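One structure is given here, and the rest of the page talks about it.
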Amino acid sequence: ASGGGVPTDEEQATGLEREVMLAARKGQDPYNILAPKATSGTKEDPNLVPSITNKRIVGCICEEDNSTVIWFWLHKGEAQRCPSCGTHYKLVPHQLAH
Amino acid sequence: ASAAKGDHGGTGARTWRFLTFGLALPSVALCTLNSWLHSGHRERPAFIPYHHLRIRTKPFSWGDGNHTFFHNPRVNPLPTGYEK
Amino acid sequence: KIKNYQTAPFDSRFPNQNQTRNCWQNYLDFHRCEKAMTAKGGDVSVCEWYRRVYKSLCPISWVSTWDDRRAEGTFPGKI
Amino acid sequence: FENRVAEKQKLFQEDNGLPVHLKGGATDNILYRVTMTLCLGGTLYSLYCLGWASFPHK
Amino acid sequence: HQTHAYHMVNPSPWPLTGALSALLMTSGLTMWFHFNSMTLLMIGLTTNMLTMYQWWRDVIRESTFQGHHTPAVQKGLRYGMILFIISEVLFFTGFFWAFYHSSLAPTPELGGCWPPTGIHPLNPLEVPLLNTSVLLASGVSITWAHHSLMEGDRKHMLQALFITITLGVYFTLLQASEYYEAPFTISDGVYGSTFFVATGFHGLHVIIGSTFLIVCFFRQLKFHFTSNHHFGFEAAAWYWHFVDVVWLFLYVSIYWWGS
Amino acid sequence: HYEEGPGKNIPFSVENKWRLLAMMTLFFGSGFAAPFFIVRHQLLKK
Amino acid sequence: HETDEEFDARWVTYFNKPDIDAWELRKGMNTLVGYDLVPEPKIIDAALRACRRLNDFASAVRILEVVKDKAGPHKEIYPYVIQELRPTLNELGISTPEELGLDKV
Amino acid sequence: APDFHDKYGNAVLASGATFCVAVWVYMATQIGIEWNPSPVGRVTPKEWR
Amino acid sequence: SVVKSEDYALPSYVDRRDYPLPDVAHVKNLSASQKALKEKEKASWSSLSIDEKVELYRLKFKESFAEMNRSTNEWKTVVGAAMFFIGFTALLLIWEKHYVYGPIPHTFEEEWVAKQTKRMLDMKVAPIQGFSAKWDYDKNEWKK
Amino acid sequence: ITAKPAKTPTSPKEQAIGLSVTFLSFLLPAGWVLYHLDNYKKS
Amino acid sequence: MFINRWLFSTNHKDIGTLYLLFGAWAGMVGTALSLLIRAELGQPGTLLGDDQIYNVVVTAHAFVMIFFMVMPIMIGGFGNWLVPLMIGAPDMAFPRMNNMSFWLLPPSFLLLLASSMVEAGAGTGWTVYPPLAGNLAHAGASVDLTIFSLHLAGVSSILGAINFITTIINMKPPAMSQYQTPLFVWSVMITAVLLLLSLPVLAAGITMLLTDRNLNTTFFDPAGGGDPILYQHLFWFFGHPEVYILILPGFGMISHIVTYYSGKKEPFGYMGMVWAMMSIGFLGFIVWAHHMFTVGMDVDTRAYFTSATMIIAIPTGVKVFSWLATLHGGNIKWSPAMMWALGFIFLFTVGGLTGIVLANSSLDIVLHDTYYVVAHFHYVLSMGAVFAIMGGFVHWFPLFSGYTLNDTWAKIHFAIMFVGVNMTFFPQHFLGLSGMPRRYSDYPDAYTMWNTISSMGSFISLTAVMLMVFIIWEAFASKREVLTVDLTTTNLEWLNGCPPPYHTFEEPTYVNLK
Amino acid sequence: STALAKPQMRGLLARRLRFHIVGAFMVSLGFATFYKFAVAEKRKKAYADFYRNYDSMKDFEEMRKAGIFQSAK
Amino acid sequence: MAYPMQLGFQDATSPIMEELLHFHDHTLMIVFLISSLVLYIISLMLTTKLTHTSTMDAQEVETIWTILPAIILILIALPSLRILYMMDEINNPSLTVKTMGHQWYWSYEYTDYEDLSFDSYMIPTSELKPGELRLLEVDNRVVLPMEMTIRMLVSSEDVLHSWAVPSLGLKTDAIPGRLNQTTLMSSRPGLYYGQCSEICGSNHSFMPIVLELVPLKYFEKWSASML
Ligand SMILES: CCCCCCCCCCCCCCCCCC(=O)OCC(COC(=O)CCCCCCCCCCCCCCCCC)OC(=O)CCCCCCCCCCCCCCCCC
Ligand code: HEA
Ligand SMILES: CCCCC/C=C\C/C=C\C/C=C/C/C=C\CCCC(=O)O[C@H](COC(=O)CCCCCCCCCCCCCCCCC)COP(=O)(O)OCCN
Ligand SMILES: CCCCCC/C=C\CCCCCCCCCC(=O)O[C@H](COC(=O)CCCCCCCCCCCCCCC)COP(=O)(O)OC[C@@H](O)CO
Ligand SMILES: CCCCCCCCCCO[C@@H]1O[C@H](CO)[C@@H](O[C@H]2O[C@H](CO)[C@@H](O)[C@H](O)[C@@H]2O)[C@@H](O)[C@H]1O
Ligand code: CUA
Ligand SMILES: [Cu+2]
Ligand SMILES: [Mg+2]
Ligand code: NA
Ligand SMILES: [Zn+2]
């Protein structure tokens, strides 16, 4: 009626599929599968933008449902503000898979 | 329809095998029966060179150009009638 | 028996632009009728309306092909 | 049968710079060369045939 | 190093060999229909098969062996296979439309009736009904295969899949034997034309679907599939259900209603 | 890896503007001329 | 959405913020000139004084420029605006574009 | 510093235009093109039968 | 002041009437007197001279509104050049008429046309408005 | 858009050359076929 | 290295580059065919002395412009360069399949060339209607080579459609919904759904024609009970969605170019523009028998197809008015791309309007198969589409190459092309009203003057085309490298520089939810 | 030296649009008027007048006598 | 026939074609107002230095621009479909004539009483009589009674063709295996010309149609003499 013999992802998943699986398990998202949640985005509480280098593109949707997305390179250093709405973003660089 | 049986507790592998061997394959056995029983050569009809049938606007790209790909001499007449 | 024929009148069975079935149906009616008469030793003259209607409507080459196929025994409609 | 997928995962993740279609070894090369020879040869021959068919053969 | 989950594919020769194999098959059918020769066509068919084989072999290397199929990749491939089945359903729709067009308005050359004068249709309650039960049964067994795999059951997945494949082969041999026995041909007017072209492209799809399930059978034998990650098997099942539904429309339309 | 940058992401050379002129000439010129030589070809078969 | 008086006061306050920074100066001016109006002298007055607090004489002249620009073909508008800002201009020592010859092409 | 247009504009405009008018008037009137305009107000009808 | 390709990701200068306060100053490295000028700008602007004020504007901005909005003579090169290539086209058409086209049908001969026009009027071609409507059949001439 | 000065400027003379050679590459081969159409028609 | 890059590509941008090159070269073939057409008609009498060759030229002109110029440029060329850049995606979903869609095109084009070289070519019209396209009135390989050509172009565009739908649905940033993607990316997704659904039906119908010609089937042959008119329904069931496929990516490009050179952050009424493209794409499936108003169709069927065809004007007008509203209030930059786009707004509107005159089956009786239809579709299709392609090419050329065009030369090119196409096609309206049939190698004498002028306009557009080739050479010859580009904050495709690196978005963009 | 009166400073673009859209509607009425009279009614009157006293037998006799017909000399 | 420099339709010979002219005049006036409103607004949007670039609300203006077209379309569809149903209403013809297309000539059959048929070929240009029209004249014209409703039935004995007479408002495809019907009524005697309107091979341009419309008594004698 039953019996086994089929591998599981735990046993057999490899390469990037396994990396994504093992990160999900720890609740981390190094391959950017999820949407980040906004902070209040003030100068004291900037949105924090992980990157592996010293600049990353940010798209800001200034208000919920805006169809227009505002795009700009976010550089390592002091917080920058969206050119449309002023919300603050600060880059937090570096590293990944040990 | 529900069909006329019951189960729905869960449609797992055991349930689908139960259907495979208890409904699906038994149907196939029945219809194999019924077919191979209404089989046996029905007697062929008078050839009539109807112009809407046995079309030949170009020779076929095989054999002598005038035989269909799965030609059966018993039941497929040529435009000029059944083969000798 | 009610004549003065100019051409085939409008027929509400075939009210659209494609008139192929009108020509075909009157050809069939004529020959069915003429089978019935000729056989029943009756008289072909009652079949005349259909002859008039199909001669008006049917391309000559179609009447002529269907006539050859009747003689040949390969006409596909039932008469 | 036994599960040899781990062996295969190691072969294909070997850091030798080969592209996937050649990473299985010399046989991938032979099959690649037979396929590309037939496509290119058959393409030269279709052109020949168009050449032939482009002209009346009285 | 990327930090998205998508797959950058190695540069590959298979797109160009598949494009050239299309050129050789189509110019080869031209040579076969017009210049009395099969040479170009045999080369095209051979390159097409080599291309498919290396191409899908690489997809498996990328997934099973290299781990490039993350969930985002897999979701892509799901949409891809559904979009493809939709294009095939449309291709079929044009042949159904040809069938209905000819049969609902039979012309004078036919006798003005459907089935045309002089056509003797197959009895739909004979081999045609057998073929319907054989394909419907293969929809049940393949669903059993799918639940066995998801449940981790290697031997029953295998056995349910083998049974699915045997039923596909049986439909193919029954239909091949019907084609031979049929008293009408593809050259018997629009009756033969619609019957054989519609059922023939459906027949081709059964053969392609059974080859797809056979590839899954061999991949299962080598343990490629995990109980949770087995998209090639799901794609083959979707395509098989597609072929089963086209069959049901063909059976109701052409064999039953058009008899 | 592959060359990148202006003039390098294309399958033709823009290194010399006169050799590129010749190339663009042959390329566009051969597409434009082809239908003329096809008409001539058909008129010459009879 | 609001009365003219409320719109103007919103913008007056905006530019009057004492510690307004350079980014906020440029964001205000760049957003303001997107609207279908020439800014009231009172708005302009606040933005010029923001330029003062920010030690930026260049942007004060540019602001006067963009006023003239936003009036398009309505020639009467800019001199009316300058008329009205004259006490501020005198007080802060801001020269007009025309006084610096920056209106010639 | 004058650009191309400041230097050559007037010249390109005036000769392009003269040239264009000249060569079209010549093509249209001197080389035997048959425009086939209306006969109305211009052809005297003549017996044909 | 030199802009480089490697700077594409950084905020840059632009002169636009609709973006009057750009993201960066026109002049980024100041000379020593430009610097002291910046220093002076921290005191009353009434103590700056016209040239100092002009030169404070030019360090922040590249062109003034008057300048960046100026009209040009490009329209003359565009229109005269387009006329020129249109005129060149006519050389092509003159070539094609001379070397490609042979004689047109005999039906365009003047005497054929006069006869054809009479036959069109005898058949009353377009009698309501188009053609015969334009002939006076009483006075035997084109209507005035 | 702003751009750098040309790295390999194309002077008016060089432009007249590239323009003239471009035009001939479309005009001459087609000229030749069209000029000889009768030679083709009556073969 | 070269073979790996350019023959084995799996890169969206390079594949896009090859599609642009292929389409450009096709556009030269198509142009040469159109000039042959207008030479034949340029004076009364015969030029080619061979009307089977004239009809082969007419047929090839249309297959080359549509399948080998417009679709590859717009969907293969701009679609591939722009769509992944505009959603921050690292490539297409199926980057290796993407490259078969490209490579199937040269063999498809070679088949069409072969059909015209063998026998007497296929002089059928691009509709390829039986019985003229069947094995008695067109015996021999030419028509079947045309059918195979279209099979290969069909598989190309069907695999393309799957790849673009998947890419656009699956690969945007996790925060961006569909109502945050750029109008050009929606215009592609909707073109693709039309291609996915319409091509398989063209494929079924031409396969039935292939089997009629070669396997003694009789789908379209009345001797076996078939019907020529079944073929027209299958062809136009595809052929009407094809015309929307040919314009929809040009409407996406126009929305981008007008927004940009109007100095605006966004197109007026975004969701109205999404809705208008979806509405047009949907209606585009229920109108096809307006191609068949004289085949003998029932009066109620004509009334329905007239009314359904007209309705398309409503969502199309929302687009036109929304482009005007995007110009409205703008700081207008009179660049050469902007001029292409403004000439597109006006000339597409002219042509859509004569399409609405033809939608009236009563007037279409008299206009069908005359030059009024040829005039209609050269406005809305040949100019609409061509002006969108030229505006997109001049606009994005510096993104794709890293080099600027000479704008003066490009304004000159526009002026010349504008004069040419209007001198060419405007008189064709008079020819159609006055009864001149289309698909004719010669015409009654009364049609000479408008045909003469139309042929001279053709030569003007030829000059514009030679000039374009020179303009592109002069750009690559001079190598002026791009330094700065405005409005990148709302034109994501420009933000990685010109030309962007081989791999872009290896690190994806960061977009918050909130 | 007198003060400058305060002018309209807001909604100048909207004002300009309203004005010209209105003027465009006027011009549309004008053109329809002209066109009904110069094309549409002209046509109606041309056909009406032509047929009012038309005599088809007389028209035929004139054509017959000009020698145009195959069937009528 | 068309005449040199013609801009619009051939003058109407039938009450239907007259209707079409008036319906074309109404629709063209719409087409010109719309295309010139669009050109005007384009010039209007491009001719001011005043700017407004902030986000604009669309949901007010989109009403005008949906309702107003919807109304215009209805105002075209109303007269359009009136004509359409009017062409379609039961006609009672006095005569029926068949035409068969062939490559490349027409044949006509008048078989209501006698068996009359003949072929109608273009007059070659080298054989035209002085004053006759290049590409338009035929040897044997289709003679027909004037001021009488005639039923024309159209078919083909080879590829498609299409039988058209622009001044009578007529065009009906000619399809082998199919008999299409249309009706013809001329208000006037005269010669009315048309040309084949569905591509049918190398001589598509060279198979015209000429109607010769004359009083019934001429038609009757002409028929008798063609037997
Ligand atoms: C090329 C050769 C030109 C020949 C002209 C006619 C000769 C008159 C002799 C002869 C002396 C006149 C006496 C005869 C009366 C004719 C009776 C008739 O039955 O009449 C029926 C006629 C009426 O035709 C005419 O009344 C001709 C005028 C053309 C319409 C207006 C556009 C003006 C532009 C034309 C310039 C050329 C190309 C540019 C056009 C640009 C594309 C539209 O035939 C048509 O319906 C064709 C219209 C096609 C539909 C397109 C509609 C939208 C067009 C664009 C509007 C743009 C707005 C501003 C327009 C903006 C201007 C750029
Ligand atoms: C880009 C390609 C393209 C496009 C987009 C269209 C758009 C339309 N076309 Fe056309 N069409 C062709 C390409 C195109 N067409 C081709 C190639 C053929 C011929 C095929 C052949 O036989 O070979 C053809 C043929 C064709 C015919 C067949 C004519 C015949 O053969 O007799 C018809 C019939 O209705 C038709 C109608 C329309 C209509 C109503 C539109 C509408 O979609 C246009 C809607 C647009 C507007 C109306 C203008 C913008 C709107 C406003 C400014 C709002 C206000 C307007 C109103 C209220 C009216 N077209
Ligand atoms: C048993 C299950 C069926 C499998 C089919 C077996 C045969 C070979 C392979 C092709 C399969 C499918 C293609 C469908 C098209 C053609 C008809 C085929 C269906 C069939 O096989 O029909 C047979 C005729 O075959 C014939 O002509 C055969 C001619 C073979 C030529 C193949 C056709 C080539 C042209 C088709 C190209 C297809 C292009 C489609 C492109 C896809 C769109 C992108 C019927 O035999 P018969 O003797 O007439 O009648 C029986 C009387 N005893
Ligand atoms: C006698 C032969 C003559 C017949 C002619 C044609 C021949 C037959 C072709 C049969 C099709 C074989 C397809 C084999 C595909 C195998 C590769 C595969 O299935 O690839 C999978 C991805 O699926 C994927 O690409 C999905 C791949 C989609 C394949 C779609 C196949 C249909 C092709 C149809 C051709 C149709 C032409 C129709 C004519 C009109 C791999 O991912 P997983 O399975 O999740 O594995 C990963 C796990 O192991 C990790 O834990
Ligand atoms: C639709 C597109 C075409 C547009 C118009 C083309 C414009 C013409 C460009 C010139 O083309 C040439 O001109 C010739 C004459 O002017 C030819 O010489 C011919 O004429 C001679 C002199 O009459 C001889 O010297 C030569 O043999 C020769 O073949 C000829 O070969 C050709 O290349
Ligand atoms: Cu007969 Cu066209
Ligand atoms: Cu359409
Ligand atoms: Mg037609
Ligand atoms: Na000609
Ligand atoms: Zn923001």
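Chain G is numbered as in Swiss-Prot; shown residues: 48-152, in order.
Method of determination (from the header): X-ray crystallography, 2.0 Å.
Each Cβ is built from the backbone N, Cα and C atoms, and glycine gets one as well.
Annotated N6-acetyllysine per Swiss-Prot: G:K89 (among others), in sequence order. Residue density at G:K89 (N6-acetyllysine): 14 other Cβ atoms are found within 10 A of its Cβ, drawing on all protein chains shown.
The annotation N6-acetyllysine is assigned in Swiss-Prot to G:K115 (among others) on the grounds of similarity to another entry. Following the DSSP three-state reduction, the secondary structure of G:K115 (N6-acetyllysine) is helix. Proximity of G:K115 (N6-acetyllysine) to non-local residues of its own chain (separation of 6 or more, Cβ distance below 8 Å) is seen for G:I124, G:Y125, G:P144, given in sequence order.
Using a 10 Å Cβ-Cβ cutoff, G:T143 (phosphothreonine) registers 17 neighbours. According to DSSP, G:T143 (phosphothreonine) is assigned to coil rather than to any helix or strand. Annotated phosphothreonine per Swiss-Prot: G:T143, in sequence order, evidence recorded as similarity to another entry.
The CA atom of G:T143 (phosphothreonine) is located 17 Å away from the CA atom of G:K89 (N6-acetyllysine).
Of G:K89, G:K115, G:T143, listed as modified residues, those near chain I by the criterion of a Cβ under 8 Å from one of its Cβ atoms are G:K115.
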